[PDB]
Every structure is written in C-alpha cells, then in structure tokens.
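Undergrad: Return atomic coordinates for the entry below.
(7 chains)
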Amino acid sequence: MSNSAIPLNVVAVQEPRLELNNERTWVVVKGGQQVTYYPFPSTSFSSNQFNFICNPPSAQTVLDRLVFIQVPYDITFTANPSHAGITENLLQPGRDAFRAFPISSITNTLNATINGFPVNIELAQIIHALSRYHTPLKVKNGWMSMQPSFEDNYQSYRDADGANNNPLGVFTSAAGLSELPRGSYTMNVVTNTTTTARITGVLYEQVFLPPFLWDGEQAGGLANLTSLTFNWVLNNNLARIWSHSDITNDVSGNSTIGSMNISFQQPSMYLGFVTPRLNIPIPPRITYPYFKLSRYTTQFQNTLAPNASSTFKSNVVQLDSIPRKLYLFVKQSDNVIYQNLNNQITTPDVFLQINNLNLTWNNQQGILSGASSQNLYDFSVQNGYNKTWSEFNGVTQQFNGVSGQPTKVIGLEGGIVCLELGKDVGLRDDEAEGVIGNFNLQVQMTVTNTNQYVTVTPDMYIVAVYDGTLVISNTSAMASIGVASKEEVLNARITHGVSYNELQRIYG
Amino acid sequence: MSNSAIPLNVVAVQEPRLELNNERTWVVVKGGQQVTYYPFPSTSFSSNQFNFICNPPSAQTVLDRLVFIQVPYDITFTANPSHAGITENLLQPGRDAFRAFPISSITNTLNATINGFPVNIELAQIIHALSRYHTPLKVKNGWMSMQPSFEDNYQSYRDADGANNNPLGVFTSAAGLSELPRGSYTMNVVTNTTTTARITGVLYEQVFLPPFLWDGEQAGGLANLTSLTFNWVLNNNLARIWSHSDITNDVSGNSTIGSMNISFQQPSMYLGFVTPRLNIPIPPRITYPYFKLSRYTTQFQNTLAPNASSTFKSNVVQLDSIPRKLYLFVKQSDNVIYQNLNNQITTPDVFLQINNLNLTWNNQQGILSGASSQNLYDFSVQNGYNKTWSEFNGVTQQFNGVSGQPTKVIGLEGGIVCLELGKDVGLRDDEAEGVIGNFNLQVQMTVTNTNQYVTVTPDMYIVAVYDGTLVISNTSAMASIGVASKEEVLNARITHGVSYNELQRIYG
Amino acid sequence: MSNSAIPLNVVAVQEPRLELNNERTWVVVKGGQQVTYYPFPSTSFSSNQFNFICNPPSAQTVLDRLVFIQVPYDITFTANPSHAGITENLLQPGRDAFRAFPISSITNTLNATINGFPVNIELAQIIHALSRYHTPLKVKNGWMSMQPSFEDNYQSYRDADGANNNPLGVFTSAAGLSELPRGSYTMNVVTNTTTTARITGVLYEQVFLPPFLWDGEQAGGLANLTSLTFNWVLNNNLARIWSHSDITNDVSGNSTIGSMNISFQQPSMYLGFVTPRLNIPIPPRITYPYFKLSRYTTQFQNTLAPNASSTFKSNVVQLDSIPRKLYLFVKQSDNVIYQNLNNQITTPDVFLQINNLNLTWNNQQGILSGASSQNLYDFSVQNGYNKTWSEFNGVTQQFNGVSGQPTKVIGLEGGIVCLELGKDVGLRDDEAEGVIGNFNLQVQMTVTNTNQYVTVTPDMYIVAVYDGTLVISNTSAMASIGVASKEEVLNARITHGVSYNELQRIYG
Amino acid sequence: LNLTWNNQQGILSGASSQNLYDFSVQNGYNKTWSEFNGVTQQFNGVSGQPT
Amino acid sequence: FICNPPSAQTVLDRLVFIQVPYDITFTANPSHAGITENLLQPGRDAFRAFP
Amino acid sequence: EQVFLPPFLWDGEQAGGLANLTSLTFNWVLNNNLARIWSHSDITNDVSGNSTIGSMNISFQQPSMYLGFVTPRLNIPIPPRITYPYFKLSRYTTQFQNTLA
Amino acid sequence: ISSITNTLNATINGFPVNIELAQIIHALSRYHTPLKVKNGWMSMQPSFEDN
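TA: Residues are numbered from 1 along each chain as shown, chains lettered A, B, ... in the order given. Below is the structure in question.
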C-alpha cells in the first residue's frame, strides 16, 4: 500500500466464493395494484392518416412508457407488361420482403400531445440513422424484434443474393441466437403467381419518440396525465413499404413488378395503465427527462459516379441550446429516388463513406480537421455505434478464383459519425451541455460514392438531440430547455460518486 | 439549474478522459488458502437410479455452489423391419444428436438434501420452462456450454434440414462466435452402417436445482455444511436421450431406427471445497436465499389440429404464499410420447402458440383479457425471455418461387408466457411478494396449434416459484417462506437507495 | 425482524414503473476544451523496423490513452516450381486472406517509452493467447474491429473449406451482426493471375501494452509528460503476415505460393491530446495503474502425433512476487514452424487440448491434482475465457452417411487455461496480489495432440502478468511492483462496500 | 409427507415413511407396520406362474 | 454411522432404528434331485426374525 | 499398503498417538495409466522385438482403511492441547535433453 | 498401490496435509529400513527392492 512514491490508502476486498458474512437484508418489492392493457381502436382510419385519441381510464393512473400500434393491411402486386417473360412467380424465395422498419419509414411525421402540450418527431429520415445505435444484440433481440428489424448491409441489393448474411432471406439459414432476416415475418400469401400477387397480415410497429422509449430499460411512467392523443400522417408514396432485388429485373431492365397497391384496416394503439396503491402517495407535480429530435438538411446539384470523391459545405443553421449529441452523415438524395418507383422499391438504405469531416462550431473553424477517418470511427464506436469498422468506410474486395476474370468489389455501408458535445467538441469554459441560449454551426465535409453501378446525387443531414426537463402537473405541461445557468455551471461542485457510464445509461 | 418548474439541484461529473484527480486506493484481494477439487464417484449407481453421497471435510470448509455430474455412456441402434428403404449409414450428418439437455430430460426427479433438510426439484418438464428464460448469449455460451444446450426452435425436425441454424447440425456450418448447434458435441463412433450403429462418450450436465447455481456469478458457497447427499431417479423409458429427424424415415409411417438400448458406466460428480484464512473467521450461523419450484399439470380429452384454435380451463388451486415468478406454457401432452418409440425419440421440444390468455387471481377475473398476444411477449422479454417475437407465436411464410407449387408454411417453436406478481398482476395493498394467506388462481386460456404435421392433445402447465430464506448452521436446516408479516410489510420504510435491476440479478 | 433463525431487517423497494418521488438532480458533464489529433509521419522507417518520436504540444495537456498506427504496403506473390500445373487464379475466393492481427503478430517485440521510463512487451508469442480473454460480442466488434480479428478456431485450414463458419472467408458469408471472417478486409488488388499476384492497401493496428488500452471502456489519460516514443522492431521473416490453405496444394508438400516479397511505405501513427479547462486544475504528480507481462517457455524434443497422449514438466522459474494472473498452455513447434516458406504461411495458431494438469506453487505441489480437464474450463470462464466448452478441449465428431466411408474426426483449438492467484491457487495468509518478494513455480501438465495430419513437437509458454503502481511526474516517471508490504496486507480493514465483480472491469 | 405451517416450512420433510408410522403408533394407531404401508407379496409354487 | 447432535441443548430421543436395502440371490444345487418346482415356496420360507 | 507420510508411520518404534481430532479424511488419486502396477522380465519377449503381453485391464472392489482408537482411563487426564512433531516432503525435478548410452 | 497412485491427501481436524507419493517413495524406501524392520511391519506389501 504505502511505499510507492506517495503513500496510498488501503482496503481489503473479499473473494467471491466466500464473504461470507456481510449484512444481508430481506427486501420487499411493491408495485400495485391492478395492471392492465387497453386497445383503443383508431378513430377515423384512412390511407392518408390514422388518428388515435385515448384518455387514461382513471384519476392518478400512471401510464407505462412502451406504446405501440398494430395495423392489419392488404397489398396486391401487378406485373409490368415489358421485359416479358417473366417466367416464375412474381414473389421470389430469397428475393423480396418488407423494408425495416416498415410503418415508421413510410410515416411523414407522427404527432402526440401529452396533456395539451404538443410533441412531434420526424420518423422518415431520422430513423435509419437513429436505429443504427445505440443498439446491442441483447436489445435488438428484445422489444425491437416485433417490427421487421434487420439493417441494410449491402450498398445495392443485386450483389447480396445469395449470402448466409443476405438482408432479405427466409428464416431458415439465419444463424442460431442472432438477428434474423426480414423474410421471416409471418403473413399469409393468398395467391402467388405470374402476373398476380396478393398478401395479408398484421404489423406491430413501435412508437419511437421520447419520452416514450424503445430500449429495454424501464423508467417511471407519466402520471398525472389527463388526455393523451396521437396522430399519424402517412407519407404520400406508400410503395416504399416494399423492398426488392435489382437482379430479378433482368437485363433491360424494367423491373418485373409493374406496380403495387396497399390498403389498411382499423389499427389499434396499445397503452398500459398501472394505478398506484393508497398508502404510498404520488406528488402533485413531477418532473421528467425529455429529449428533442430535429433535422436540418441540405440540397446539391453536382453528382459523383460510381467511385469519385468530392467536397460539400453544409448550410449555416442555428440551434437554441447546446445539443446533447449530434449526428452527421451523407445520403443518396431524397428529391430523386421518389419518381419512377421501381428504383424507390429496390433502392436500399446506405450512406456514402465519410472520408473526413471538418466542423466549425461557435467561434471555431476546422475542428477535427486532422482526424483520420479511421479516427472518426473510434469516436464514437464509444458512443454506441455497434457496426464493425469494415462496414464503416464501405468497400470489400472479394476475389473470384478462376482464370480469367476481373476480381470484384462490393460496397457495404457508410459511416454515420456522431459527436457528443462536451466530450468530442470540447465546450468553452464556464459553459456546459445544458446551457441556453443561441449558437450555430455548419459542417463542411468531404465524402465519396462507393456503390458500384448507380450515379449518386448526395444530400447532407444533421440530427440534433437537445436535453430538457419537462414537468407534468394537473393541469399544466411546463417544458424547459437550458435549465442550467452560466453562474451555476462555473463552480458546480463535482462528485467522485457517479461516473460517465451511469450517465451513459439514461438514454436511450 | 433552478430553471425548472420546481428547482432542481446540480452536480458536476468529469469526462472519462480526465478526472484526473480523485482518491485512489490499492485493493488487495483476500481468498482463503488451499482451494481443492475431487471427483466423488457414485456409491452404488445402477441402471434405474444412481446416487452419490459426499461429506465436506469439516465445519469450517466452505463448499462452492456450482456442482456438476459427468456420466460416461454407450448406446447402440439397430435397423428394424420392415421400413427399408434401409439405405445409407444408419446415422446421417444433419439428422442426429442428443436432446438439450441430455440427462436432464430423463430425470424423473432430482432430490438433494442439505445438512439434513431435504429440498428437491422435479426435472423432466420443469427444466425446459426454466431453460429459455433467463439466459443471455454471453452467459449461454459460458457454463451452460457443457451440456448439448441449443434450444429446439422448429415445430418438427423434418422441415429444419438444411438451414444453417438447424437445431442439430455439424460444427462447421454454424456461424462464427454464436451458439453452436446440438450435433457438434463429441463422442466417438466405433461403428456405423445400415442394420447397426454404436457410439461411446461422456456427457456433462451440471446439477440444476438451487441453491446450486448455473448462472455465471458467485455467491457465498454453502458452509458450514455437515453432510450432503444427492440422488437421482430416472424415467424407465430412457429412450428420450437420443433425438432423431423425420425426413429419413420412409412413408407408411415406417421408422429407420427402432429399436435400441443405452448403457452407463459408474458416473461421478465434482465438488469444490475452499477453506478460509487464519485470521478471518466465518460466523457460527449464516442465512442463504431459498427458492422452491413446483409444477401443476392439467390434461384434457379434446384434441385440435393441424391448426385450429381452442380454449381450456386450468384446475383451481389454493396458494400458500404469493410466489415471486410464474410460468404458463402449454405443451404437447405427456400421456402420448411415451408410447411407441419412433415417435418418442422423434418429437421436438416446442409448445403451442398462445392466441391470448385470460387469468383470474383471487376474487377478480379478466386480468389481461384484453391484452393482445403481442403484449405478453413484451413483458416476458422484459423478464429476460431472450427469443425474438417472430418465434414466440411462431409461424413463418417462407415462399416458393416456382411455377406453380403452393408456398410452404412452417410451424415454429412456441411461446411461454411469464408474469411476476408484483410487476405484472399487482397485489392488493397490505400484501406484497413474500406475504402469506390463501389466494386462489385459475387460468383459462385460448391456444392454436401450429405445426402442419400432426394432431395434438395438449396438457397445460403452471410453474410457480416461492422465495424464502433458509438458515444453515451445523447441523440444522431451518427454512421459512414469507419472513414477512402483514403489518411490518405495510410499514415498509422505503429506500430510494437500491436500484431495481441489481435486485433483478440474484434470481431465481 | 423478523422470523429467520436470525432476524434480518427490511426495506421496501418501488417497482420500476413507479418511483415516482426521489431527489432528481440535473447533472452536467465537463471535460477540457479542444481535443485535437495530430498525425506524426515516421522518419527512419525500414523493413527491419519502424521508429516513431513525438513531442506533446507541451506539458499541461492530458494525452488520451487509445493509440494506433496506420501502415501502407505492397506485396507480390510468384508461382512455385514444380507442383504445377497450378491452374486458376493464384489467390482463391474463400481460400486465402490476411492472418490476424497482421502487423502485431509479425512484430518481434515492441517497445515504447513514456517520458523517460521504458515500458515494453513482447508481441509475437503473447498476443495469440491474450487475445481470447476479455472480450464479449460488443467489445470485440468495436475497437478491435480495425485490424482483422477472427480467431483460428480450426485445427488446420485444410478441413475448414468450405464451411459457413470458416476462419477466413468473404464477408458475404457470415451471420448478421457478428464478427466477420478475416477475408472481408479490404486488400485493394493491382492484378492477379496464375503465376502471379499483387495487392496494395492500408492497415490499422492498435498499440497493445500498458497503460494504453485495447479494451472497450477507457480511463484517465496519461499526464503530465514531456516525451514519448515507439519502436516497433519487426521480426526477420516477414512472410508470416499472409495465411494460406493446404487443400489447394498437393502433394509433395509443394505449395502454390512459394515464393514472395513484402514491402512497406512510410507509416504514420495517430494520437490525440486533450487540454483541460483552466479553471479546475490537475495536480503536479499523477499516479496510474501499471501492468507488465513476462513470458517463460521450454523446448522439448519428444515428438507425438497424430493424436497420441503424453506428459511434460516446465522447468523451475522464480517469479519476483506474486503475479496478478497466469496463463499456461502448450502450443506447437515454434522453431519448427519457421523453416520453409510453406510452413510460415499455411499453419494456424491453435494449441493442443489439456487432458489434465497438475501444478506446483512454492512449498506445495499437487495443487489441482484431480480437477477434471473440464473443471479447468469452469474456471475460467469466470475470468472471461470467452469460448464454448465444446471448442475448448475441442475434438469434433462428424459422421458421413454412405456405405462405406469412415466418419472423420476434426481438429480444433485447444484450451488455454488461466488462474488468478488469490482466487484459485490459494495463498499463505499475509501474501496478496501485489506483495514482494521471492517465490518459485513449476508447472507439469499432460496435453494431447488433436489435429490429424502433422505431428506436433511441443513447447509450452507460461505468461504471468504482474500488478503495480506507476507515478508520472514531469521530470521523471517511476514504478514499483510490490507496492504492498507484508504487515500492511495482514490486518487491512475489509470493505463490504465495493463489489468484487467490479475488479473484473478494471483491465484488460 | 411434508407439511408446512405459517412460515415454519417443510417440517417433517426428511422422516422416513417408517419413521412416520412410529410416532403415530404412540398416539395409538394399533396395527402392524406390515399392513400400514400395505403391499405384500405371496410367492407361487407352480412352474412357471408369476407371483 | 457417525452422527453428531446439532448442539448441546438438543435432547435426542431414546428410540433409534436403522433401515437397510438388500439384495439376495440363491442358486439351486445339484444333484438333489429333483427338481420340479420353483425355488421359493408359498409356505416354506421367509426371513428369520429378526433378520 | 501402509499409508505413508507424517504424522503416520512406519518404523515402529511406536510413539504417542494423535489425540484429539474431531474429523479425519483420506483421498487418493490414481494416475490414469494404471499399467505400472505389474512387473515382467525382458527375457521372454521376441527378438525384434514385440512383447508377449500387451494389453490388460485392472479393476478394484471395495477397498477399506483400518485404524484403532484407544481411550484413556479416568485416573490419568490428557491435556486440552498437545503438540506433535511433523515434517513435509517437497520434490523438485529437472530434466536434460542429452542422452547417454 | 503407492507406485500407481499419483498423490495422497489426509486432512486433519479440518486442515489438509499431503505428500505426492508416486515419485518420492522409491528413493525414500531404501533409506531407513534395517533388516529387523524389513521383516516387521513393512512386510505387509511386496517389499523386496530392485538390484
């Protein structure tokens, strides 16, 4: 203990096999009394919007935080009278299945108002990036599993087939105790043939906007609500539900499917209301951690193909307070991939490889100008990334062992970097993650196209996540951003008690 | 900070990469000298029942909680008239293995008395409920790796082959760093052809019942034991160890295999005695957590198939104390499947899917009656269920792409609902998880059968598990359920001190 | 308080869905402004070694602990007379890729020196063992992702092909969200044809050693220092990087690839320097944890194959002080492997299965006399071995059905056992994990060759990782192993407060 | 048999079924132990009928 | 058997008794003889009290 | 077979016996090979040469220890604690690569 | 018996004491045994040593 440089302080700690004596105490867990689950069928269902409206059953009834919606559907596929034939059934064995996650992807935006104060998220583009992390295998296999749940690994569908890993494959051929593929999802096929297909089933999608939560950890519910109500506005296109293989086309190519039609029936929200026991009282005014997702995007004209590099400067935006975390990635332009659906149906979901990024924050320029993209990966894989480096910086050479052929490249997926703010930007003195008011930033970042066939017009995104503390009372719905003040962030007394991991846990 | 509706208090933390100052210590890790191990061979095994007895050295030596029993064996199959067929080697590469877990599945009951007070667990059917439940990948792949322990995921072997996640395949063919399938576990084949086969080896299985533990972490091992004697008793049938696939057997229902016999050579069991340091002594009398499984089973006359629904009524019961946890899985009956081996060897280990359940705890009915099947899955996963929503409620549309066959449906696995009474049912006030009184349940429920192949008569279940404290002192074994009084439980000084989750771990 | 032989007091705990009242505090995280990365090119690099030298921006600037070096290369192969014809492309589709972790395994020994005091470990023999030990799925699929990382589980590359689980294959065949086979890694290719090949690419590898860490978590960056430098002194063979397969080459031990020549370009190493915030200061002399792992080996000439059994003895050595841990394992033929290009390329790094082992400490022998080879896998997965029992001690029965082909056994990796000294070996009271000085240890153990074709000639290493403090202060940095004294270890106040499964988390 | 009380749990778990008959007979049970726990064998004298 | 009391203060009872499972086999002798019939007889044999 | 090791003996020369234990336990572990228990002479075997003998299987049946306890008489009383002598037998071994014939 | 047995441990009053037996005994045997003692106790196992 003593006898090294400065003398240290000493504790002995018991082994596991034997303590054996320590002060053990019987603990009683107590949550009561009646726990329930209701099915509020959506009032006013349509092809344009689902709307639910559902008020908690009783006074001081706390409300659980996992919410979701099931929606029975019907779809028919029709053949396009070109390229024919056209031999073999329209739907194929390891070729075609749902896009993950389906409903959320085809939602233009969903709204919910907790107790008369409105909260909304942008489900369409936010998702496929917010889904990539912070996911672990444990969690992926849990709550998430209900909605089609697997990602898009390959830069384009054509190559993929057929892999032991192929994104749209039937359940058999998925390795035991591991993320299964999107062909697994069970729904009945009424008739499958040349010129005609039709199918029916029922898809569970999670409500994805905090406070509500989708990671398997559990935290307090929102008493004391008076009236919750949701609202789903569907994205106009509706073909985007389906995925496809570019292969089956083939050689012309007008994709064999010539069209589609998608229909719905009433779908029901599913909330759970616990009610507390008389003895223990809940306080009349309580506070919760509420985050906020917004996205600022930019357009462009100059395209690259198939493997050329370039540069893009973003667009000056303003943010009302220092964000907790911040995401930044390039992507194949939304403007296009919308007309001429077949591309829309068979086009995958992956991001161009970030060669380097250089961001000018408030009063700085060139921050992380010298970090090797490699460097940009290590942080954060720390924040949550969960994809392997190989996926990042998408490319893989797979040789073919026969004379004489060119070997061939594949592209997997783009990097989707993020920078927690006080950690990887370095926040100026006397200021901290919480603080108001205004700031502004624009990221100028070079990137490359790596997908081997198409000419990819790009765009940039930037998903910010603010940290706020909102109070729900009855009846009130206060919400605040920038709760900390400048004087308080200077000389806030520190603690050795908690540590950065536990902080990691809260979100989510 | 005092910027919220109600003022909140601030603290600071330091980012991981810099404290850089806080008090450090040096933590020396003291563990009693002289850890030993020894194989205790079975005093008077037999073919019917075998049983070991061992005495710990003295009052002061702490035995450890992880115990297991290894058993050497041989078998021999012989091709029957009149199926053949009778072609190829009687075993085939993709089609044969041991049942997970092999000797566990045969035990009628394992009894183990400690220090003079006998605690026992029935094991034939109680083992499969507990098997899917609490393990995650990283712990599945640790200790529980010794028994051939990969869960049967299809509704019949027949369909399985050949998927690279098939429940009984060869080592190669199983993906990298994953749970490897049943076939992979080694034993030597002395011979194999048509008309005959003979294998020899040694299968480990770790004795399951608590106190002794099968999950990775260590809790103080029983001491100060005076004497301890296990003894098993096996089902006469015994043919259940081996499992075999369907495809190979020919039509006319004729089976390649029947019949065959097993052999055992005297088996052993490995205990681990540790003895503490000179100066640190263990208290005269100590107190361990004491769990207690039970099984209640109800069978009916009616039958459903090949995929029609039914509802059923569990028998009424009276429960001495609210139990911690309950399991409610309905499985293909035991009445059949001990009659006529080929079927007995062949049948998998999956149960029917739950369309929904209606439950009544005391004096209330309709608990969970409006909660859709999907909801059950979520709470079960929350308890640790670990299987994806696709298999729970299993069925899968794997679709053909040939003009013009119909498109196969697969029966997949099973669902096994679990509830925790405080977490899930909600106990009336003044009552909590440990308390005693007489609360009658009776669980009605509706179910569909899913495997396409056979008619099924179904026997429902309910496993309950009480939580008690048992004190060991040499030699005594007092044990008591509900320690635990109504007024004391009501008064309940409550600590915002301990988390829930840490509490979750010392299951169960 | 009440009802156990000993009354034990109570506390009630609120269910996760309902707190809902507890001291909620807004917490801000603060780390120094500006963390910036610099790329140091390396002057003085050669095929015989790499040399780095780096001045910090100054003192007062905490240097982050994660480090890595990116190196560009140029390899050309040429065809072998005269096994020819060698029809078909020199490099095969599934057959041949990079060994892992390429630049680490090639490095004969690695030295770095923090701020004047030299701290170096040996890389070539140490890493293939220490690799296994402290990684789950997330941690291995994270930072260690950058260099190829899939282990050599198969006993020879001959048998692997063509397996779904094969050690070195194209990214196409893998199970979604799990470690990729080494083949996925990019190897940008210039050309290949029978009679030649040329590949060129950039590979990243992280410094391995202490303090700097290759693990998931992260801790406080070293400060405050003036000088740092790294020396990679490469091994003299340099052909070892690439790995081949024997199936392709038959049959005189004449192999396609002999011979070839690797080349490097100028390598650069990246490290980032955070600067703390002026207001809260960092002390003038900071004290870290410091580990260092010295190996001990023995050469034997007694030859055994293909699967004969034998026994060995280590030879005596005299460790200075108790070491924190100790990895013992037999591994094949270190001298034997090097002669021949053929040998360097086409042989894996698996080690033979321990049939049983006995060990002697100081003053006692026959520690673990009768602990089943299996009992040795039971600990450790307690110290995180991270493989299945099956593959440990791995032999594989795989049967083939046709009449008549004898079923074939398959080689597999063998156990590498470990034991932390307090936990297993047991210790004379007054001796703990740190205390100096003298002790003497000899290992005896019986191993059995398990692969088929090649007769192995053994040697067995015994790595031992010491524990100790290191204080880095600006002028000079000092370290003690044996930071504890004898009288202080005895009678060190024991703490029920800190948990033991926390010490698992420390390293590494 | 293994009866419980109100939290004194498992009383009488380990006492052989024979041990049960003993303490019972002290309260007066009054019949040979052979006929309590009643199963008896009669072996047959003729080739080769089962007993 | 080695059997200690759990404490001083425990008062053990006077009636003790052992139980013991057994296995007997007999094999007929030549030359009798003899013999027609089974080896055990409905009246001829049992255990000697007290075995 | 006599059990060997201290405090038991051996060369008798009998001496003051151990009192006063509460428990006592013996384990043996036997090397897997087990063929070492027999002897044989090279003369019988063939010239090349093969041995007339390989192979063989060995078994056991209940094997049992034997130990006697005196008890002291009421007149002469034996101490609460008593000290015996006791030794331990270490072994260290090292082998060399060179052969010599 | 001793030559075949790898090791042997006899715990006294709770604390273990053991002596590897396989290798030790052959050399220790030749040592302390007179002709009187060779015909004494040691006589029980085969005893005559290798010349």
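
Undergrad: now the strands for the stretch 251-400 of chain A?
TA: Along the stretch 251-400 of chain A, the segments classed as strands by DSSP state E, counting those that start in this stretch run A:257-264, A:268-270, A:285-295, A:309-312, A:317-319, A:325-326, A:330-332, A:353-360, A:396-398.

Undergrad: what packs against the second one?
TA: Counting contacts by 3 or more C-beta pairs under 8 Å, 6 or more residues apart in numbering or on different chains; DSSP states H and E, the secondary-structure elements packed against strand A:268-270 are strand A:68-79. C-beta coordinates here come from the backbone N, C-alpha and C atoms, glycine included.

Undergrad: Could you point out the helix or strand that follows the strand it packs on?
TA: helix A:102-105 (DSSP states H and E).

Undergrad: quick one: buried residues of that next one?
TA: Within helix A:102-105, the residues scored as buried using 16 or more other C-beta atoms under 10 Å in any protein chain shown are A:102-105.

Undergrad: would TSV of the residues you listed with distance to residue B:418 be doable?
TA: Below are the buried residues of helix A:102-105 laid out as TSV (distance: C-beta to C-beta, whole Å):
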residue	distance to residue B:418
A:102	29
A:103	28
A:104	29
A:105	32
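
Undergrad: Let me have the strands of the stretch 251-400 of chain A in CSV, adding mean neighbour count as columns.
TA: Output for the strands of the stretch 251-400 of chain A, formatted as CSV (neighbours: other C-beta atoms under 10 Å in any protein chain shown):
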stretch, mean neighbour count
strand A:257-264, 16
strand A:268-270, 21
strand A:285-295, 18
strand A:309-312, 14
strand A:317-319, 14
strand A:325-326, 22
strand A:330-332, 22
strand A:353-360, 20
strand A:396-398, 19
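
Undergrad: Relative to residue C:113, which of these is closest?
TA: Nearest to residue C:113 among those is strand A:353-360 (31.1 Å), distances taken as C-beta to C-beta.

Undergrad: starting at the chain centroid, how far to that closest one?
TA: Distance, stretch centre to chain centre, for strand A:353-360: 22 Å (C-alpha atoms, centre = their mean, to the nearest Å).

Undergrad: can you check stretch A:499-508 too?
TA: On the basis of C-alpha atoms, centre = their mean, stretch A:499-508 is displaced by 19 Å from the centre of the chain it belongs to.

Undergrad: for stretch A:172-189, same thing?
TA: Between the centre of stretch A:172-189 and the centre of its chain there are 20 Å (C-alpha atoms, centre = their mean).

Undergrad: Would you indicate which residues of that stretch are buried?
TA: A:172-187, A:189.

Undergrad: List the contacts of residue A:214.
TA: A:66, A:143-144, A:206, A:208 (C-beta atoms under 8 Å, 6 or more residues apart in numbering or on different chains).

Undergrad: Tell me who's in contact with whichever residue of chain A sits closest to chain G.
TA: Residue nearest to chain G within chain A (C-beta to the nearest C-beta): residue A:18, separated by 15.1 Å. Applying C-beta under 8 Å, 6+ apart to residue A:18 gives the contacts B:31-32, B:62, B:220-221, B:223, B:274, B:276, B:282.

Undergrad: before we move on, the earlier item: so for residue C:370, which of the strands of the stretch 251-400 of chain A sits nearest?
TA: strand A:396-398 (50.2 Å).

Undergrad: Check whether the helix or strand following that closest one comes near chain C.
TA: As assigned by DSSP H and E, the chain's next helix or strand after strand A:396-398 is strand A:408-410. Yes: shown here: strand A:408-410 in contact with chain C (C-beta under 8 Å from any C-beta of the partner chain) through residue A:410.

Undergrad: so what strands line up beside strand A:408-410?
TA: Strand A:408-410 has the following strand partners under DSSP bridges: strand A:396-398 (antiparallel).

Undergrad: which residues touch the partner strand?
TA: By C-beta under 8 Å, 6+ apart, the surrounding residues in contact with strand A:396-398 are A:390, A:407-410, A:412, C:93, C:170-172, C:183-189.

Undergrad: ok, now how distant is the residue of chain A closest to chain G from residue A:327?
TA: Per C-beta to C-beta, to the nearest Å, residue A:18 is found 49 Å from residue A:327.

Undergrad: what does residue A:203 give?
TA: The value you get for residue A:203 to residue A:327, if C-beta to C-beta is used, is 27 Å.

Undergrad: quick one: the helices in the stretch 51-200 of chain A?
TA: Taking DSSP state H, counting those that start in this stretch, the helices of the stretch 51-200 of chain A run over residues A:102-105, A:123-130, A:137-140, A:157-160.

Undergrad: what packs against the first one?
TA: Helices and strands touching helix A:102-105, by 3+ C-beta pairs under 8 Å, 6+ apart, are helix A:123-130, strand A:196-206.

Undergrad: okay if I get those as CSV plus distance to chain E and mean neighbour count?
TA: As requested, the helices and strands packed on helix A:102-105 are exported to CSV (distance: least, C-beta to the nearest C-beta, whole Å; neighbours: other C-beta atoms under 10 Å in any protein chain shown):
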stretch, distance to chain E, mean neighbour count
helix A:123-130, 63, 20
strand A:196-206, 58, 18
